[PDB]
>>> print(open('coords.pdb').read())   # PDB, C-alpha atoms (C1' of nucleotides)
ATOM      1  CA  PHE G 303       1.277  70.828  20.302  1.00  0.00           C
ATOM      2  CA  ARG G 304       2.716  73.997  21.895  1.00  0.00           C
ATOM      3  CA  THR G 305       5.719  75.678  20.254  1.00  0.00           C
ATOM      4  CA  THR G 306       8.995  76.007  22.180  1.00  0.00           C
ATOM      5  CA  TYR G 307      12.682  76.554  21.360  1.00  0.00           C
ATOM      6  CA  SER G 308      15.449  74.225  20.196  1.00  0.00           C
ATOM      7  CA  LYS G 309      15.974  71.595  21.312  1.00  0.00           C
ATOM      8  CA  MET G 310      12.654  70.122  22.405  1.00  0.00           C
ATOM      9  CA  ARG G 311      13.474  67.180  24.799  1.00  0.00           C
ATOM     10  CA  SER G 312      14.908  63.657  25.017  1.00  0.00           C
ATOM     11  CA  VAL G 313      13.448  60.564  26.716  1.00  0.00           C
ATOM     12  CA  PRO G 314      15.212  58.697  29.542  1.00  0.00           C
ATOM     13  CA  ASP G 315      13.480  56.308  31.938  1.00  0.00           C
ATOM     14  CA  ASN G 316      12.986  56.226  35.711  1.00  0.00           C
ATOM     15  CA  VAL G 317      13.704  53.479  38.232  1.00  0.00           C
ATOM     16  CA  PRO G 318      14.416  54.010  41.958  1.00  0.00           C
ATOM     17  CA  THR G 335      16.609  54.626  46.197  1.00  0.00           C
ATOM     18  CA  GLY G 336      17.283  56.911  43.236  1.00  0.00           C
ATOM     19  CA  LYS G 337      16.307  57.393  39.588  1.00  0.00           C
ATOM     20  CA  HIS G 338      19.060  56.284  37.189  1.00  0.00           C
ATOM     21  CA  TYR G 339      17.947  57.990  33.899  1.00  0.00           C
ATOM     22  CA  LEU G 340      18.842  55.518  31.127  1.00  0.00           C
ATOM     23  CA  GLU G 341      18.066  56.043  27.449  1.00  0.00           C
ATOM     24  CA  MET G 342      15.597  53.681  25.806  1.00  0.00           C
ATOM     25  CA  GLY G 343      16.562  51.317  23.004  1.00  0.00           C
ATOM     26  CA  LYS G 344      20.366  51.440  23.045  1.00  0.00           C
ATOM     27  CA  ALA G 345      21.840  47.948  22.863  1.00  0.00           C
ATOM     28  CA  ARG G 346      24.948  45.911  22.025  1.00  0.00           C
ATOM     29  CA  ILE G 347      25.717  43.946  18.873  1.00  0.00           C
ATOM     30  CA  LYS G 348      27.855  40.847  18.274  1.00  0.00           C
ATOM     31  CA  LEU G 349      28.223  38.987  14.965  1.00  0.00           C
ATOM     32  CA  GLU G 350      29.744  35.505  14.729  1.00  0.00           C
ATOM     33  CA  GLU G 351      29.726  33.341  11.619  1.00  0.00           C
ATOM     34  CA  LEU G 352      27.374  30.352  11.153  1.00  0.00           C
TER      35      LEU G 352
ATOM     36  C1'   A R   1     -60.439   4.825 -77.368  1.00  0.00           C
ATOM     37  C1'   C R   2     -52.998   8.694 -75.889  1.00  0.00           C
ATOM     38  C1'   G R   3     -46.081   3.243 -77.262  1.00  0.00           C
ATOM     39  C1'   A R   4     -50.142   2.351 -74.105  1.00  0.00           C
ATOM     40  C1'   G R   5     -52.080   0.016 -69.009  1.00  0.00           C
ATOM     41  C1'   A R   6     -50.733  -1.485 -64.217  1.00  0.00           C
ATOM     42  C1'   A R   7     -45.289  -0.663 -60.919  1.00  0.00           C
ATOM     43  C1'   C R   8     -43.111   3.264 -53.818  1.00  0.00           C
ATOM     44  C1'   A R   9     -35.702   3.747 -56.269  1.00  0.00           C
ATOM     45  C1'   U R  10     -37.153   0.527 -52.581  1.00  0.00           C
ATOM     46  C1'   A R  11     -34.828  -3.311 -48.668  1.00  0.00           C
ATOM     47  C1'   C R  12     -30.558  -4.232 -44.881  1.00  0.00           C
ATOM     48  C1'   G R  13     -26.621  -0.539 -42.234  1.00  0.00           C
ATOM     49  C1'   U R  14     -24.696   2.975 -34.759  1.00  0.00           C
ATOM     50  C1'   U R  15     -20.982   8.970 -37.644  1.00  0.00           C
ATOM     51  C1'   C R  16     -18.455   4.955 -35.117  1.00  0.00           C
ATOM     52  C1'   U R  17     -13.377   3.381 -33.183  1.00  0.00           C
ATOM     53  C1'   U R  18      -8.324   5.114 -30.300  1.00  0.00           C
ATOM     54  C1'   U R  19      -7.191   9.599 -27.115  1.00  0.00           C
ATOM     55  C1'   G R  20      -5.576  12.943 -19.261  1.00  0.00           C
ATOM     56  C1'   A R  21      -6.938  20.290 -21.196  1.00  0.00           C
ATOM     57  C1'   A R  22      -2.281  18.643 -20.292  1.00  0.00           C
ATOM     58  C1'   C R  23       2.734  20.733 -19.270  1.00  0.00           C
ATOM     59  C1'   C R  24       6.239  24.347 -16.614  1.00  0.00           C
ATOM     60  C1'   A R  25       5.128  28.545 -12.402  1.00  0.00           C
ATOM     61  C1'   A R  26       6.714  30.294  -3.906  1.00  0.00           C
ATOM     62  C1'   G R  27       0.633  34.991  -3.175  1.00  0.00           C
ATOM     63  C1'   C R  28       5.176  37.087  -3.335  1.00  0.00           C
ATOM     64  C1'   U R  29       8.185  41.650  -2.976  1.00  0.00           C
ATOM     65  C1'   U R  30      10.096  46.398  -0.240  1.00  0.00           C
ATOM     66  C1'   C R  31       7.419  47.540   5.619  1.00  0.00           C
ATOM     67  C1'   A R  32      10.025  48.905  13.441  1.00  0.00           C
ATOM     68  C1'   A R  33       3.513  49.463  16.138  1.00  0.00           C
ATOM     69  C1'   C R  34       5.314  53.660  15.870  1.00  0.00           C
ATOM     70  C1'   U R  35       4.737  58.933  16.614  1.00  0.00           C
ATOM     71  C1'   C R  36       3.750  63.524  19.537  1.00  0.00           C
ATOM     72  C1'   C R  37       2.012  65.824  23.879  1.00  0.00           C
TER      73        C R  37
END
>>> encode(input="coords.pdb", output="structure tokens")
Amino acid sequence: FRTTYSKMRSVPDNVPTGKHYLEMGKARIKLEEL
RNA sequence: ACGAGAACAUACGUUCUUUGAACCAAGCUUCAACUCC
């Protein structure tokens, strides 16, 4: 596509009233045995 | 006017009996439905 400068962009989401701008995919991890 | 003249090497008889093309062997391995507007 078109050529711009560094950096390009990131990708948050939108949900209203007001958009909250959360980043997609980030999660939490717990490991317990058996 | 022959050590000659006649005279079937012939008759009967299952290449047959017993026997697993078997045995052991993961269609599996690494693999983001993602990327950019």
>>> resolve_selection(input="coords.pdb", expression="the PyMOL selection byres ((chain G) within 12 of (chain R))", output="ChimeraX atom specification")
/G:303-305,310-311,343
>>> write_last_selection(input="coords.pdb", atoms="C-alpha atoms", output="compact mmCIF listing (two decimals), in the coordinates of the input")
# COMPACT_ATOMS: atom_id res chain seq x y z
CA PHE G 303 1.28 70.83 20.30
CA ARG G 304 2.72 74.00 21.90
CA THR G 305 5.72 75.68 20.25
CA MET G 310 12.65 70.12 22.40
CA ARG G 311 13.47 67.18 24.80
CA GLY G 343 16.56 51.32 23.00
>>> residues_around(input="coords.pdb", residues="residue 340 (chain G)", least_positions_apart="3", cutoff="10 Å", atoms="all atoms listed in the file", output="VMD selection string")
chain G and resid 313 to 317 337 343 to 344
>>> atom_distance(input="coords.pdb", atom1="CA of residue 345 (chain G)", atom2="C1' of residue 35 (chain R)")
21.3 Å
>>> atom_distance(input="coords.pdb", atom1="CA of residue 339 (chain G)", atom2="CA of residue 306 (chain G)")
23.3 Å
